[PDB]
Amino acid sequence: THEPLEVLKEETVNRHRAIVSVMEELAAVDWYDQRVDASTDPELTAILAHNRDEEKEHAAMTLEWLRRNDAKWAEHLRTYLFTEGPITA
Amino acid sequence: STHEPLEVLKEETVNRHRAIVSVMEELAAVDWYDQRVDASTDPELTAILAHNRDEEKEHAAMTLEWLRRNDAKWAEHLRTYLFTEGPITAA
Amino acid sequence: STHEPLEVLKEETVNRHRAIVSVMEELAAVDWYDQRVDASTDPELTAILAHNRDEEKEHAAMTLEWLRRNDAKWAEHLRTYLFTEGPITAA
Amino acid sequence: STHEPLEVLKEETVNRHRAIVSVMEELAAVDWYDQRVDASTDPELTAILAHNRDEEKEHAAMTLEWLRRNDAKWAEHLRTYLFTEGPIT
Amino acid sequence: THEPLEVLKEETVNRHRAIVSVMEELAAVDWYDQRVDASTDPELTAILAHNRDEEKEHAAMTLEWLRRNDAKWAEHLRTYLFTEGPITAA
Amino acid sequence: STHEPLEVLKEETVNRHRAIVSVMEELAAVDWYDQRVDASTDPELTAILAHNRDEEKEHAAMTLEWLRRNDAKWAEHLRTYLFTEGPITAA
Amino acid sequence: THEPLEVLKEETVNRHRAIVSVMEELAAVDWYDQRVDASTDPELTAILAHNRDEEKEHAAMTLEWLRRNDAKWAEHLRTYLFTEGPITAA
Amino acid sequence: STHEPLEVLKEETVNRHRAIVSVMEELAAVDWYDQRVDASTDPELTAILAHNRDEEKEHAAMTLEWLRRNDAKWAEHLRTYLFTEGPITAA
Amino acid sequence: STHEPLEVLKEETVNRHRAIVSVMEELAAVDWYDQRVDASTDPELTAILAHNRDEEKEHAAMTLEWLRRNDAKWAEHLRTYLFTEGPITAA
Amino acid sequence: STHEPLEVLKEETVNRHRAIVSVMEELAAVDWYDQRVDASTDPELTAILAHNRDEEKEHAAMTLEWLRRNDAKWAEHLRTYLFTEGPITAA
Ligand SMILES: [Ca+2]
Ligand SMILES: [Ca+2]
Ligand SMILES: [Ca+2]
Ligand SMILES: [Ca+2]
Ligand SMILES: [Ca+2]
Ligand SMILES: [Ca+2]
Ligand SMILES: [Ca+2]
Ligand SMILES: [Ca+2]
Ligand SMILES: [Fe+3]
Ligand SMILES: [Fe+3]
Ligand SMILES: [Fe+3]
Ligand SMILES: [Fe+3]
Ligand SMILES: [Fe+3]
Ligand SMILES: [Fe+3]
Ligand SMILES: [Fe+3]
Ligand SMILES: [Fe+3]
Ligand SMILES: [Fe+3]
Ligand SMILES: [Fe+3]
C-alpha cells in the first residue's frame with residue numbers, strides 16, 4: 001500500500017487486495033498468451049493455454065466481488081459490459 | 001514491452017496485450033487514488049482524487065468490454081460471474 | 001511512498017506529494033496511451049485508448065491547478081510560461 | 001524508453017513522449033527536494049535544496065507549455081482549470 | 001531472456017518459458033495465501049483461497065512438463081518428492 | 001518481504017512464504033545458468049555454470065518436498081501430475 | 001536510507017540527502033542530453049538544453065556543500081578538479 | 001543483460017560478465033538463505049535452507065576462482081588479501 | 001542502457017553518458033558505505049567499509065574532472081561554486 | 001534493506017549481510033566499468049574507467065577476506081577452490 005494502514009479504511013484495504021489480485025491475473029493472462037504464441041513444444045503450449053484461460057476465471061470472480069462492494073464499479077461495469085455498438089458511447 | 005519477440009506474436013495477441021496492460025494501469029490508478037482519498041487531509045484535493053478515481057473505473061470498464069468482445073474465454077468467464085447473486089465461488 | 005519518514009514531514013508537504021505523484025501517473029498514462037494509439041491495429045480499441053488518453057490530461061490539469069493554488073512557486077512559474085506566445089525560453 | 005517500437009510511432013508522438021517524461025522527472029525532483037527540505041537539519045543544505053526545487057518547477061512549466069502548444073487536448077484541458085477561481089471539480 | 005535468442009537452443013528457450021511460468025504461479029500462491037490470512041471479508045477470502053489452490057495445480061502441471069523434458073529435473077524430483085525421513089539425507 | 005503485515009499472518013503462512021520464495025530463486029537461477037551455459041564461449045566457465053545449474057534443481061526439489069509435506073493442496077496437486085504418463089492437462 | 005535511522009548520525013543522513021540529490025541531477029543531465037540529440041522539434045530542444053545546463057548548476061551547488069562538510073570529499077576534489085594532464089597521474 | 005551493445009564488447013569481457021553476475025546471484029542467495037535460517041520457525045525447513053545456503057557459497061567460490069584465472073587484477077588483488085593475517089586494510 | 005537509440009546519439013554524448021552514470025554509481029557507493037560504517041558493529045568490517053568509501057570519492061572526483069574538461073557547462077558551473085566561501089546560493 | 005525483520009536476525013547475520021551486499025556492489029561496478037572500457041571511444045575516459053575498475057576488485061577482495069575470516073563455510077569453500085590449478089569442477 002501507498003499510504004499507512006492506520007489511515008486507510010477497512011473497505012479500502014479489502015478492495016486493494018481485490019484490485020491487485022485482478023492486476024496479477026491480467027498480467028498472467030497476457031504473459032501466458034504471449035508464451036502460447038512463441039512456444040515450440042505443443043505439450044507445453046497446451047499447459048500454458050489451459051492455465052491462461054483459468055486466470056481469466058480468477059479475474060472474473062474477483063471483478064464480481066469488486067462490483068458488489070463498490071457502487072461506482074457497479075455503475076460503470078453495468079454501463080459497458082455485455083453491450084453492442086461503439087463502446088465510447 | 002512484450003515478453004516474446006513481436007515477430008512470433010500474432011497481431012491479435014499484441015492488441016489484446018495493449019488492452020490488458022491498459023486495464024492493469026487503470027486498476028492501479030483506482031487503488032492508488034482510493035488510498036490517497038482516505039489519507040488526504042485537504043478537502044479540495046480529496047474531491048479531485050475521488051473524481052479521478054471513479055473515472056479510472058470507467059476507463060477500465062470500457063477497455064474490459066473491448067477485451068470481452070475480442071476474446072472468447074474472457075466473454076465466457078465474465079458471463080458466468082458478473083451481475084450474479086449468491087456465493088461467487090458457487091456460480 | 002515518501003522518501004523521508006512521515007514523522008518529519010509537514011502535513012502540507014505530504015498532501016503536495018499526493019498531488020505531484022498523481023500528476024506523474026497521469027502523465028505516464030497519457031504517454032502510454034498515445035503510443036498504443038499509434039501502434040494499435042484495431043480501430044475500436046484505438047478509439048477507446050484515445051478517449052482514455054485525453055481524459056488523463058483532464059485529470060492532470062485539475063491536479064495541476066490544485067498545485068498552483070497551494071504552492072507559490074508553482075503559481076509564479078506556471079503564470080510566466082503557460083498560454084504565452086513566442087519562444088518559451090524567452091518568457 | 002518507448003513502449004511501442006519506434007517504427008510504428010509518428011515523429012510527433014515521440015517528441016511528446018520526450019516532453020512528457022521530462023515533466024515527470026521534474027515533478028519527481030520537486031517532490032524529492034521538498035521532502036528533503038522538511039527533513040534536513042542543516043540550514044545551508046536546506047537553502048540549496050529549496051533553490052533547486054523551485055527551479056525544477058520552472059523546468060516543468062516550460063515543458064508543459066510546449067505540450068500545450070503541440071497537443072490540442074492538453075490546451076483544452078489546461079485552459080479549463082488553470083488560473084481559475086472556484087471549486088476545481 | 002538474459003542471452004540473445006540467436007545463441008539459445010529452442011529447447012532451452014522452451015524450458016525458460018516453463019520455468020518462469022512456475023515462478024509466477026509460485027508468487028501467486030504466496031500472494032494469495034497472505035491475502036487469505038489478512039482479508040476481513042468472507043466472500044473475498046473464499047475467492048482468494050479458491051484461486052490460491054488452483055495456482056498450485058498450474059504449477060504442478062508445468063513442473064511435470066519440466067520433469068519430462070529435463071533429465072536432471074527428473075533425477076532430483078525422483079530423489080526427493082514423496083519421501084519420508086529427513087529431506088536433507090535422501 | 002511479505003505482502004501483508006506479519007501481525008496477521010499465521011506462522012505456517014510465513015514459513016511457506018520462506019520456502020516458496022526460495023524455490024522461485026532456485027528456479028530463476030536454473031534458467032539464468034542454462035542460458036549462460038548455451039551462450040558461453042569458454043568451456044571451463046560452462047562446466048561451472050552447468051554444475052551449479054543442476055545443483056539448483058536439487059535445492060528446488062528439496063524445498064518443494066517440504067512444501068508437499070506441509071500443505072495438503074500441494075500434496076494433492078503434486079500427487080496428481082508428477083510422475084505421470086499421457087496428456088498433462090488431463091491427469 | 002539502507003540502515004535504520006536510529007543508528008545513523010545526523011551528519012551522515014544530511015550527507016545522504018545531498019549525495020542522492022547530486023545523483024538525481026546527474027541522471028537528469030544525462031537524460032536531457034540524450035533527448036537533445038534525438039529531438040526533432042527545435043522549440044523542444046531549446047527547452048531541454050536550457051533545463052540540462054541548469055541541472056549542472058544544481059549538482060555543482062550541492063557538491064560544494066559536500067566539499068565543505070566532508071574532509072575526504074574536500075581532499076579528493078582538490079586533487080583532481082581544475083587540473084591539467086593525465087587525470088590518473090594527479 | 002549487458003549495459004553496452006554486444007558488438008563493441010570483446011568475447012572475454014562478456015564471459016567475465018557471465019561469471020560476475022553469477023557470483024552476485026550466488027552472494028544474494030547466501031544472504032537471503034542466511035536471514036531465513038535465523039527467522040524460520042520450522043526446524044525441517046531451516047535444515048534445508050542452511051544446506052542450500054552453504055552450497056551457494058561453494059558455487060560462488062568456484063566461479064570466483066574462474067575469474068581469478070581469467071583476469072590479472074583479480075589474481076593480484078585476491079592474492080594480496082585472501083588468507084592473510086593482520087588488519088585487512090594494511091595488507 | 002541509453003534512453004534514445006544509439007544511431008541518433010553523437011559519440012561525445014554517449015561518452016558523457018558513460019562518465020555520468022559512473023559518477024552516479026560512485027556517489028551511491030559512498031552513501032551506501034557511509035551508512036554501513038555508522039551501523040556496523042564489527043570494527044574490522046567498519047575499517048574496510050570506510051576505506052572503500054573514501055576511495056569511491058576519489059573515483060568520483062576523477063570522473064567529474066573528465067566531465068569538466070569535456071563539457072562547457074560543467075566547467076562553468078563547477079568553477080562558480082567549488083572551493084568558494086560564503087552562502088553557496090550567492091556565488 | 002534486510003529480507004527479514006531486524007528483530008529476529010542475529011548481529012553476526014546482519015554484519016555478514018553488510019559485507020555480502022558490499023561485495024555484490026563491487027562486482028557490479030567491476031562489470032559495468034569493464035564494459036564501458038571496451039565501448040569507450042575516448043582514451044582519457046577509458047584510462048579512468050580502467051583505473052577505477054581495478055580498484056573495485058581490490059575493494060571486493062578486502063571485503064571477501066572479511067567474510068572468509070567471519071564465516072566458517074566461506075572459509076572452507078574458498079580454501080578448496082581459490083588459488084588452485086587443476087580443473088575447478090574437480091575440487
Ligand atoms: Ca507459434
Ligand atoms: Ca514435448
Ligand atoms: Ca506552507
Ligand atoms: Ca524541518
Ligand atoms: Ca539560477
Ligand atoms: Ca547463520
Ligand atoms: Ca588502493
Ligand atoms: Ca598451487
Ligand atoms: Fe490465477
Ligand atoms: Fe485512466
Ligand atoms: Fe487518470
Ligand atoms: Fe530540472
Ligand atoms: Fe495461475
Ligand atoms: Fe541454490
Ligand atoms: Fe535539478
Ligand atoms: Fe547457487
Ligand atoms: Fe568506485
Ligand atoms: Fe568500490
# chains A, B, ... in the order shown; residues from 1 in each chain; ligands from 1
call {"tool": "residues_near_ligand", "arguments": {"ligand": "ligand 12", "cutoff": "12 Å", "atoms": "only C-alpha atoms and all ligand atoms", "output": "short mmCIF file (atom, residue, chain, number, x, y, z; two decimals) with N, CA, C and O atoms, in the first residue's frame"}}
result
data_model
loop_
_atom_site.label_atom_id
_atom_site.label_comp_id
_atom_site.auth_asym_id
_atom_site.auth_seq_id
_atom_site.Cartn_x
_atom_site.Cartn_y
_atom_site.Cartn_z
N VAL D 21 7.95 12.75 -20.45
CA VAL D 21 8.82 12.10 -19.47
C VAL D 21 9.67 13.15 -18.79
O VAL D 21 10.03 12.98 -17.61
N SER D 22 10.02 14.24 -19.50
CA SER D 22 10.76 15.33 -18.87
C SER D 22 9.94 15.97 -17.75
O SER D 22 10.44 16.21 -16.64
N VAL D 23 8.67 16.28 -18.01
CA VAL D 23 7.82 16.82 -16.95
C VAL D 23 7.75 15.85 -15.77
O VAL D 23 7.89 16.26 -14.62
N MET D 24 7.61 14.53 -16.04
CA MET D 24 7.50 13.55 -14.95
C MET D 24 8.72 13.60 -14.06
O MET D 24 8.61 13.60 -12.82
N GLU D 25 9.90 13.64 -14.68
CA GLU D 25 11.14 13.69 -13.93
C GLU D 25 11.27 14.99 -13.15
O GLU D 25 11.78 15.00 -12.04
N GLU D 26 10.82 16.11 -13.71
CA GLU D 26 10.83 17.37 -12.97
C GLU D 26 9.89 17.30 -11.75
O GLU D 26 10.26 17.70 -10.63
N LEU D 27 8.68 16.77 -11.95
CA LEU D 27 7.74 16.61 -10.85
C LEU D 27 8.34 15.75 -9.75
O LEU D 27 8.26 16.11 -8.57
N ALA D 28 9.00 14.64 -10.13
CA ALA D 28 9.64 13.77 -9.14
C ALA D 28 10.70 14.52 -8.37
O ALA D 28 10.83 14.33 -7.16
N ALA D 29 11.49 15.37 -9.07
CA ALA D 29 12.54 16.11 -8.39
C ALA D 29 11.94 17.14 -7.42
O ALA D 29 12.46 17.33 -6.31
N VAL D 30 10.85 17.81 -7.81
CA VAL D 30 10.19 18.74 -6.90
C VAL D 30 9.77 18.04 -5.62
O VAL D 30 10.12 18.48 -4.52
N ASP D 31 9.11 16.89 -5.74
CA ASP D 31 8.66 16.14 -4.58
C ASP D 31 9.82 15.68 -3.71
O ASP D 31 9.80 15.84 -2.49
N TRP D 32 10.85 15.09 -4.33
CA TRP D 32 12.01 14.63 -3.57
C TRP D 32 12.67 15.79 -2.82
O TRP D 32 13.02 15.67 -1.64
N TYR D 33 12.90 16.91 -3.51
CA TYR D 33 13.56 18.02 -2.86
C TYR D 33 12.72 18.59 -1.72
O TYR D 33 13.24 18.90 -0.65
N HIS D 51 16.29 26.08 -3.27
CA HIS D 51 16.60 26.77 -4.52
C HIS D 51 16.44 25.84 -5.73
O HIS D 51 15.84 26.22 -6.74
N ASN D 52 17.01 24.63 -5.67
CA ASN D 52 16.90 23.71 -6.80
C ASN D 52 15.44 23.32 -7.04
O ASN D 52 14.96 23.29 -8.18
N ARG D 53 14.74 23.00 -5.96
CA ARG D 53 13.33 22.64 -6.04
C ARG D 53 12.53 23.62 -6.88
O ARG D 53 11.78 23.21 -7.78
N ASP D 54 12.68 24.91 -6.61
CA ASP D 54 11.83 25.88 -7.28
C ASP D 54 12.26 26.06 -8.73
O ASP D 54 11.43 26.42 -9.58
N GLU D 55 13.52 25.82 -9.04
CA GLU D 55 13.89 25.88 -10.45
C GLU D 55 13.35 24.68 -11.20
O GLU D 55 13.07 24.81 -12.41
N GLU D 56 13.18 23.52 -10.53
CA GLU D 56 12.55 22.38 -11.20
C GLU D 56 11.12 22.72 -11.63
O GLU D 56 10.67 22.33 -12.71
N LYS D 57 10.41 23.49 -10.82
CA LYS D 57 9.07 23.90 -11.20
C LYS D 57 9.08 24.74 -12.46
O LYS D 57 8.19 24.60 -13.31
N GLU D 58 10.07 25.61 -12.61
CA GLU D 58 10.22 26.36 -13.85
C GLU D 58 10.53 25.44 -15.04
O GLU D 58 9.96 25.59 -16.13
N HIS D 59 11.43 24.46 -14.85
CA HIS D 59 11.68 23.47 -15.91
C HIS D 59 10.39 22.76 -16.31
O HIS D 59 10.12 22.55 -17.51
N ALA D 60 9.58 22.37 -15.33
CA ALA D 60 8.33 21.69 -15.65
C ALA D 60 7.37 22.62 -16.39
O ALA D 60 6.69 22.18 -17.33
N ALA D 61 7.28 23.89 -15.97
CA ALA D 61 6.35 24.83 -16.59
C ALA D 61 6.69 25.09 -18.05
O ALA D 61 5.80 25.15 -18.90
N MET D 62 7.96 25.28 -18.37
CA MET D 62 8.36 25.48 -19.76
C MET D 62 7.98 24.28 -20.62
O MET D 62 7.44 24.44 -21.72
N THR D 63 8.27 23.07 -20.16
CA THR D 63 7.99 21.89 -20.97
C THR D 63 6.50 21.67 -21.11
O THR D 63 6.03 21.29 -22.17
N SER G 21 20.69 13.77 -3.97
CA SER G 21 20.34 14.90 -4.83
C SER G 21 21.31 15.04 -6.01
O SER G 21 20.89 15.29 -7.15
N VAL G 22 22.63 14.94 -5.77
CA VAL G 22 23.57 15.02 -6.89
C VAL G 22 23.30 13.89 -7.90
O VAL G 22 23.26 14.11 -9.12
N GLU G 24 20.52 12.38 -8.66
CA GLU G 24 19.34 12.71 -9.46
C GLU G 24 19.61 13.84 -10.45
O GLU G 24 19.03 13.87 -11.55
N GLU G 25 20.43 14.81 -10.06
CA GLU G 25 20.80 15.85 -11.00
C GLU G 25 21.59 15.26 -12.17
O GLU G 25 21.34 15.59 -13.34
N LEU G 26 22.53 14.38 -11.87
CA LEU G 26 23.35 13.76 -12.92
C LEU G 26 22.48 12.96 -13.88
O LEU G 26 22.62 13.09 -15.11
N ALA G 27 21.53 12.19 -13.34
CA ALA G 27 20.58 11.45 -14.16
C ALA G 27 19.77 12.37 -15.07
O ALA G 27 19.56 12.07 -16.25
N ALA G 28 19.29 13.51 -14.54
CA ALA G 28 18.56 14.44 -15.40
C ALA G 28 19.47 14.99 -16.49
O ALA G 28 19.04 15.19 -17.62
N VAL G 29 20.73 15.27 -16.16
CA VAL G 29 21.65 15.81 -17.17
C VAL G 29 21.78 14.82 -18.31
O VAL G 29 21.60 15.17 -19.48
N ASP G 30 22.04 13.56 -17.97
CA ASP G 30 22.21 12.51 -18.96
C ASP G 30 20.94 12.30 -19.78
O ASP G 30 20.98 12.21 -21.00
N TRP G 31 19.79 12.24 -19.12
CA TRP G 31 18.52 12.06 -19.84
C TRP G 31 18.27 13.21 -20.80
O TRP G 31 17.94 13.01 -21.98
N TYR G 32 18.41 14.45 -20.31
CA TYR G 32 18.14 15.60 -21.15
C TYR G 32 19.11 15.66 -22.32
O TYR G 32 18.71 15.96 -23.45
N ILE G 47 14.33 24.03 -24.96
CA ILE G 47 13.91 23.84 -23.57
C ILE G 47 14.73 22.74 -22.89
O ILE G 47 15.26 22.93 -21.78
N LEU G 48 14.87 21.59 -23.54
CA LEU G 48 15.64 20.51 -22.95
C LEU G 48 17.08 20.93 -22.66
O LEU G 48 17.63 20.59 -21.61
N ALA G 49 17.70 21.66 -23.60
CA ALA G 49 19.09 22.08 -23.42
C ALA G 49 19.22 23.11 -22.31
O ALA G 49 20.18 23.07 -21.52
N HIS G 50 18.28 24.05 -22.23
CA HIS G 50 18.25 25.00 -21.11
C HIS G 50 18.11 24.30 -19.76
O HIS G 50 18.87 24.59 -18.83
N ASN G 51 17.16 23.36 -19.64
CA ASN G 51 16.99 22.63 -18.38
C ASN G 51 18.26 21.83 -18.05
O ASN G 51 18.77 21.88 -16.93
N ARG G 52 18.79 21.11 -19.05
CA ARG G 52 20.02 20.32 -18.87
C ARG G 52 21.11 21.10 -18.16
O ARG G 52 21.70 20.64 -17.18
N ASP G 53 21.39 22.30 -18.65
CA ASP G 53 22.53 23.04 -18.14
C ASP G 53 22.27 23.59 -16.75
O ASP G 53 23.20 23.76 -15.97
N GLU G 54 21.02 23.86 -16.40
CA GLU G 54 20.73 24.26 -15.03
C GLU G 54 20.84 23.09 -14.08
O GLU G 54 21.18 23.29 -12.92
N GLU G 55 20.61 21.86 -14.53
CA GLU G 55 20.81 20.73 -13.63
C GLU G 55 22.26 20.69 -13.18
O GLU G 55 22.55 20.33 -12.03
N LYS G 56 23.18 21.03 -14.08
CA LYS G 56 24.61 21.01 -13.76
C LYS G 56 24.90 21.99 -12.65
O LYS G 56 25.75 21.75 -11.81
N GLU G 57 24.22 23.14 -12.68
CA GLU G 57 24.37 24.12 -11.61
C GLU G 57 23.81 23.58 -10.30
O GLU G 57 24.42 23.76 -9.24
N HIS G 58 22.66 22.91 -10.33
CA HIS G 58 22.12 22.30 -9.11
C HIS G 58 23.11 21.28 -8.52
O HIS G 58 23.33 21.26 -7.30
N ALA G 59 23.72 20.44 -9.38
CA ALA G 59 24.68 19.46 -8.88
C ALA G 59 25.90 20.15 -8.31
O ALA G 59 26.42 19.75 -7.25
#
call {"tool": "residues_around", "arguments": {"residues": "segment 66-81 of chain G", "least_positions_apart": "6", "cutoff": "6 Å", "atoms": "only C-alpha atoms", "output": "PyMOL selection string"}}
result
chain I and resi 58+61-62+65
call {"tool": "write_last_selection", "arguments": {"atoms": "N, CA and C atoms", "output": "tab-separated table (two decimals), in the first residue's frame"}}
result
chain	number	residue	atom	x	y	z
I	58	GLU	N	37.31	9.42	-4.43
I	58	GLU	CA	38.40	9.68	-5.37
I	58	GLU	C	38.01	9.32	-6.80
I	61	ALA	N	35.69	11.97	-8.10
I	61	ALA	CA	36.35	13.24	-8.40
I	61	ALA	C	37.09	13.16	-9.74
I	62	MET	N	37.76	12.04	-10.00
I	62	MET	CA	38.46	11.83	-11.26
I	62	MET	C	37.50	11.89	-12.44
I	65	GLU	N	36.21	15.33	-13.06
I	65	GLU	CA	37.18	16.19	-13.74
I	65	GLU	C	37.16	15.94	-15.24
call {"tool": "residues_near_ligand", "arguments": {"ligand": "ligand 7", "cutoff": "12 Å", "atoms": "only C-alpha atoms and all ligand atoms", "output": "mmCIF file with C-alpha atoms, in the first residue's frame"}}
result
data_model
loop_
_atom_site.group_PDB
_atom_site.id
_atom_site.type_symbol
_atom_site.label_atom_id
_atom_site.label_comp_id
_atom_site.auth_asym_id
_atom_site.auth_seq_id
_atom_site.Cartn_x
_atom_site.Cartn_y
_atom_site.Cartn_z
ATOM 1 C CA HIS H 77 44.218 -8.312 -5.538
ATOM 2 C CA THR H 80 47.033 -9.675 -1.627
ATOM 3 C CA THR H 89 43.264 -2.666 5.154
ATOM 4 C CA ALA H 90 47.010 -2.662 5.967
ATOM 5 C CA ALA H 91 47.851 -5.706 3.761
ATOM 6 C CA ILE I 48 37.134 -1.809 5.335
ATOM 7 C CA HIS I 51 38.498 2.692 3.415
ATOM 8 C CA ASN I 52 36.378 1.784 0.383
ATOM 9 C CA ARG I 53 34.030 4.727 0.927
ATOM 10 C CA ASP I 54 36.847 7.227 0.702
ATOM 11 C CA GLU I 55 38.292 5.715 -2.441
ATOM 12 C CA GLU I 56 34.857 5.955 -4.131
ATOM 13 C CA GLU I 58 38.398 9.683 -5.371
ATOM 14 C CA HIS I 59 36.841 7.749 -8.280
ATOM 15 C CA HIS J 51 41.798 2.529 -13.123
ATOM 16 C CA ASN J 52 38.541 2.586 -11.143
ATOM 17 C CA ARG J 53 37.600 -0.903 -12.306
ATOM 18 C CA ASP J 54 40.768 -2.422 -10.934
ATOM 19 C CA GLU J 55 40.405 -0.706 -7.572
ATOM 20 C CA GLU J 56 36.851 -2.091 -7.207
ATOM 21 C CA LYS J 57 38.454 -5.546 -7.410
ATOM 22 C CA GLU J 58 40.673 -4.561 -4.503
ATOM 23 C CA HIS J 59 37.591 -3.380 -2.580
ATOM 24 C CA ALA J 60 35.904 -6.727 -3.284
ATOM 25 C CA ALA J 61 38.964 -8.774 -2.263
ATOM 26 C CA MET J 62 39.259 -6.931 1.107
#
call {"tool": "residues_around", "arguments": {"residues": "segment 25-39 of chain J", "least_positions_apart": "6", "cutoff": "8 Å", "atoms": "only C-alpha atoms", "output": "PyMOL selection string"}}
result
(chain H and resi 2-4+8-10+13+16-17+20-21+24) or (chain I and resi 18+22+25+29) or (chain J and resi 46-47+49-50+52-54+56-57+59-60)
call {"tool": "calpha_fit_rmsd", "arguments": {"fixed": "chain G", "moving": "chain E"}}
result
0.2 Å
call {"tool": "closest_residue", "arguments": {"among": "H:23, H:72, H:67, H:88", "to": "ligand 14", "atoms": "only C-alpha atoms and all ligand atoms"}}
result
H:23
call {"tool": "atom_distance", "arguments": {"atom1": "atom CA of residue 76 of chain I", "atom2": "atom CA of residue 46 of chain D"}}
result
23.3 Å
call {"tool": "residues_around", "arguments": {"residues": "residue 68 of chain J", "least_positions_apart": "3", "cutoff": "8 Å", "atoms": "only C-alpha atoms", "output": "ChimeraX atom specification"}}
result
/H:82-83 /J:64-65,71-72,74-75,78
call {"tool": "atom_distance", "arguments": {"atom1": "atom 1 (Fe, counted along the ligand's line) of ligand 9", "atom2": "atom CA of residue 58 of chain A"}}
result
5.4 Å
call {"tool": "interface_residues", "arguments": {"of": "chain D", "to": "chain I", "cutoff": "12 Å", "atoms": "only C-alpha atoms", "output": "PyMOL selection string"}}
result
chain D and resi 1-3+5-7+14-15+17-18+21+43-52
call {"tool": "select_by_dssp", "arguments": {"residues": "segment 3-44 of chain A", "states": "helix (DSSP H, G or I)", "output": "ChimeraX atom specification"}}
result
/A:5-7,10-38,42-44
